[PDB]
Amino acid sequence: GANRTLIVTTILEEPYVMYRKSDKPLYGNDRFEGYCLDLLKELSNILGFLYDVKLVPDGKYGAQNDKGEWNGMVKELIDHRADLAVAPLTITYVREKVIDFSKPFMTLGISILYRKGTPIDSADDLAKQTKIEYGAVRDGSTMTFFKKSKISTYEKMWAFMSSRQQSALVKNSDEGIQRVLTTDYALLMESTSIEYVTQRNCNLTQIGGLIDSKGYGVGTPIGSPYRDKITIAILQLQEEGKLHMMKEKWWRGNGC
């Protein structure tokens, strides 16, 4: 019979996955557009499968609590409720214990998003002061980085983030961006998203450099037969320069 339609889990995240602007409500895959949809289109052709896009119910990428329980996109793969995770899913050692990743299709690092025209120049200045609140998206890889850090400054920053019942954390990037714009708040964010936001919000800027270096990969359940095929597909898109064209399509624009 025809090849089974694969279930792709993802999360609304600009410019990776976005609702296509329309008056008439849209249904199925046509609801979405973005870098990851274009990536899913190319992978779909190379491997030869249809796909059905489903958003993660809790809107989280995935972290494990003190009870060892995962949530978010990672948990969807563990429980075999999705065949692939085509999203900016950060490749992390802790995540590699419970799911598989393709080779990375994009590189990034943690950095700080904040308003322009301030004397804040680093995470040290941010952790050393009191006026400015700061945090990260809840139950993402950036939160996990600070939660697990063994570095003194980042340990203090996590203690600050987890205080007052984690009020410094935000539900998602969009909520975090709005918090930066409307309050005295700095968002610990991955550099690829900062590049997108700062070009379209010329009053914001990146503070300091990268405090780590990671990559995004396609997530699959352990033992998935598609992992190696997906990796081969990513490599083909690199030699063809397609991944570069996709980046420019959804990021490149007029600078501030």
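Rigid core: the largest C-alpha set superposing within 1.5 Å between the two forms. Quick note: we count residues from 1 along the sequence shown, nothing fancier.
- Structural divergence in 9 other deposited structures of this protein between 218 to 226 and 64 to 72: following superposition by the core, 64 to 72 has C-alpha atoms lying farther from the shown form.
- With each structure aligned by its rigid core, the stretch whose Cα atoms sit farther from this model in 9 other deposited structures of this protein, between 194 to 202 and 50 to 58, is 194 to 202.
- Taking the mean C-alpha B-factor of each stretch as recorded, 238 to 246 and 17 to 25 are not equal, and the higher mean is that of 17 to 25.
- The deposited model assigns a higher average Cα B-factor to 113 to 121 than to the other stretch when 113 to 121 and 132 to 140 are compared.
- Each of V218, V53, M189, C202 has a CA temperature factor in the record; the biggest one is found at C202.
- Between the residues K103, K75, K150, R95, it is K150 that shows the highest Cα B-factor in the PDB record.
- For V8, the recorded CA B-factor ranks within the lowest third of the chain. Only modelled residues enter the ranking.
- Among all modelled residues in this chain, the alpha-carbon of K214 has a temperature factor (C-alpha) in the lowest third.
- Placement of the Cα temperature factor of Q165 within the chain: highest third of the modelled residues, per the deposited record.
- Annotation for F49: CA B-factor lies in the highest third of the chain's modelled residues.
- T182 sits in the highest third of its chain by CA B factor, as recorded in the PDB entry.
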